[PDB]
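K.L.:
Following this message is one structure expressed as structure tokens.
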Amino acid sequence: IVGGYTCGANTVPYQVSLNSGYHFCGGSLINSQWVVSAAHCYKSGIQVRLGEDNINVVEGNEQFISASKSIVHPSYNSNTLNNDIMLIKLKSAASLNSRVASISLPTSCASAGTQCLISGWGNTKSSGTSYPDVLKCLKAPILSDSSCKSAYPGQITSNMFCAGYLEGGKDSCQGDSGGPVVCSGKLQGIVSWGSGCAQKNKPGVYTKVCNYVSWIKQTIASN
Ligand SMILES: *[C@]1(=O)[C]([C][C][C][N]C([N])=[N])[N]C(=O)[C]2[C][C][C]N2C(=O)[C]([N][C]=O)[C][N]C(=O)/[C]=[C]/[C]([C]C2=[C][C]=C([O])[C]=[C]2)[N]C(=O)[C]([C]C2=[C][C]=[C][C]=[C]2)[N]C1=O
């Protein structure tokens, strides 16, 4: 997260870290044993880390659970990152408490101008390389589709939305992928991609979760 702030320990209880010897992607806990993340973060043998704040120091509050199965969306396209979403079933159900809790799926899509909270352990520099120990947060609005389409000509699908600042300065970045974009208490997006980080007229692009609620529920009810 570039231009964000320290969230505060366990203030974003649904945020999870996807670890494979190191943090590589984020994710969101939507059920005691299901987390949603980006399809492009797919890896075999993923250990999900819940109740995490400082990813580099064991603070005793966290839970480490291996992924039982990863289900990538049937129409995921690596060439365009369209349908960049995947469900991960946990090997064991998480102990939901105050420091660990699931986030609700949306009932309708969020409009442009809606303020959301984006979080993750990704790079904090536009140019440099600096990964934070503690979780970073950022408040950013959902941008209009026209603005999104003009920033990324011919690259935006109906399953993506832009969020952030058109003048740059604040944005998600490498390492935030798969992470949550929560608006008014509902998970509306998943960190997907962008051209650089925090660049003028190059806002972050996120998977539009509201288009996959039926798929998510059905997948959970049959797996
Ligand atoms: C995600 O954390 C990022 C989020 C970027 C948000 N940016 C923003 N809001 N402005 N997503 C990406 O990097 C996506 C997926 C792949 C292509 N993406 C892009 O945004 C690219 N855009 C234009 O070129 C730029 N991305 C990169 O170059 C990312 C490179 C690194 C290193 C790397 C890893 C695997 C490769 O095959 C090539 C290069 N990738 C990351 O940092 C990943 C996390 C990761 C994945 C696998 C192993 C290790 C780390 N970050 C994300 O996917």
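In mature numbering (1 follows the signal peptide of the UniProt record, and there is no 0), the protein residues as written are 7 to 229.
Positions of the beta carbon are idealized from the N, C-alpha and C atoms, including for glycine.
(1) How about the stretch 57–65 and the stretch 210–223: do they share at least three Cβ pairs that are nearer than 8 angstroms?
(2) Express the C-alpha separation of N89 and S76 in angstroms, rounding to a whole number.
(3) For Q121, verify whether its CB is less than 7 angstroms away from any heavy atom of ligand 1.
(4) Looking at the structure shown, is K97 part of a helix, part of a strand, or coil, going by DSSP?
(5) Hey, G126 and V197 are a contact pair by Cβ (cut 8 angstroms); roughly how many whole angstroms apart?
(6) Over what stretch of residues does the beta strand (DSSP E) that includes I77 continue unbroken?
(7) For the 8 angstroms Cβ check, are there 3 or more pairs between the stretch 44–59 and the stretch 152–165?
(8) Measure the Cβ-Cβ separation of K131 and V8 and say whether it is below 8 angstroms.
(9) Helix or strand or just coil, what does DSSP make of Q205?
(10) Classify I226 as helix, strand or coil using the three-state DSSP reduction.
(11) CB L93 to CB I222, shorter than 8 angstroms?
(12) For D139, count neighbouring Cβ atoms within 10 angstroms of its own Cβ and tell me buried if that reaches 16, exposed if not.
(13) Which runs of the alpha helix (DSSP H) fall wholly inside the stretch 136–163 and span at least 4 residues, in chain order?
(14) Which residues in the same chain have their Cβ closer than 8 angstroms to the Cβ of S117, if we skip the five residues on either side of it in sequence?
(15) Give the DSSP bridge partners of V197, in chain order.
(16) Within its chain, find whatever has a CB closer than 8 angstroms to the CB of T86; leave out the 5 residues flanking it on each side and keep chain order.
(17) Spell out the partners DSSP gives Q21 in its beta bridges.
(18) Regarding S125 and ligand 1, is the C-beta to nearest heavy atom distance less than 7 angstroms?
(19) What's the C-alpha gap between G14 and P112?
(20) Given a cut-off of 8 angstroms, decide if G195 and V219 are closer than it, judged by their beta-carbon atoms.
(21) With which residues is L56 paired in a DSSP beta bridge?
(22) Count the other C-beta atoms from every protein chain shown that fall within 10 angstroms of the C-beta of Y11, then say buried if there are 16 or more, exposed otherwise.
(23) Of all the options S38, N37, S101, which has the alpha carbon lying nearest to the alpha carbon of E68?
P.N.:
On the basis of the data shown:
(1) no
(2) For this step, residue 76 is matched to residue 70 along the sequence shown. For this step, residue 89 is matched to residue 83 along the sequence shown. Approximately 15 angstroms between the Cα atoms of the pair.
(3) Stepping through the sequence shown from its first residue, residue 121 is reached at position 115. No.
(4) For the purposes of this step, residue 97 is identified with residue 91 of the sequence shown, where counting begins at 1. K97 falls in the coil class under three-state DSSP.
(5) Within the sequence shown, numbered from 1, the residue matching residue 126 stands at position 120. Within the sequence shown, numbered from 1, the residue matching residue 197 stands at position 191. About 7 angstroms; that satisfies the 8 angstroms criterion.
(6) For the purposes of this step, residue 77 is taken as residue 71 along the sequence shown, with counting starting at 1. Element bounds for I77: 69–78.
(7) no
(8) Residue numbering aside, residue 131 sits at position 125 when the sequence shown is read from its first letter. Residue numbering aside, residue 8 sits at position 2 when the sequence shown is read from its first letter. Yes, Cβ-Cβ distance for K131 and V8 is below 8 angstroms.
(9) Working through the sequence shown from its first residue, we reach residue 205 at position 199. Strand.
(10) Here residue 226 refers to the residue found at position 220 when the sequence shown is read from its first residue. Correct three-state label for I226: helix.
(11) Residue 93 sits at position 87 when you count from the first residue of the sequence shown. Residue 222 sits at position 216 when you count from the first residue of the sequence shown. In this structure, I222 lies closer than 8 angstroms to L93 by Cβ.
(12) Locating residue 139 in the sequence shown gives position 133, counting from the first residue. Exposed, because fewer than 16 other Cβ atoms sit within 10 Å of the Cβ of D139.
(13) 151–157
(14) Counted from its first residue, the sequence shown places residue 117 at position 111. The answer, listed in chain order, is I148.
(15) Taking the first residue of the sequence shown as position 1, residue 197 is located at position 191. Answer is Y212, bridged to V197.
(16) For the purposes of this step, residue 86 is taken as residue 80 along the sequence shown, with counting starting at 1. These residues qualify, in order along the chain: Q161, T163.
(17) Here residue 21 is taken as the residue at index 15 of the sequence shown, counted from 1. For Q21, which the question treats as bridged, DSSP gives the partners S34.
(18) In the sequence shown, the residue the question calls residue 125 occupies position 119. Incorrect: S125 has no Cβ contact closer than 7 angstroms to ligand 1.
(19) Here residue 14 corresponds to residue number 8 of the sequence shown, with the count starting at 1. Here residue 112 corresponds to residue number 106 of the sequence shown, with the count starting at 1. For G14 and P112, the distance between alpha carbons rounds to 25 angstroms.
(20) One-based indexing of the sequence shown puts residue 219 at position 213. One-based indexing of the sequence shown puts residue 195 at position 189. Against a cut-off of 8 angstroms, the Cβ pair of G195 and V219 comes out as no contact.
(21) By one-based count along the sequence shown, residue 56 stands at place 50. According to DSSP, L56 bridges with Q69.
(22) Position 5 of the sequence shown, counted from the start, is the residue given in the question as residue 11. Under this definition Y11 is an exposed residue.
(23) Translated into the one-based positions of the sequence shown, residue 68 becomes position 62. Ranking the options by Cα distance to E68, first place goes to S101.
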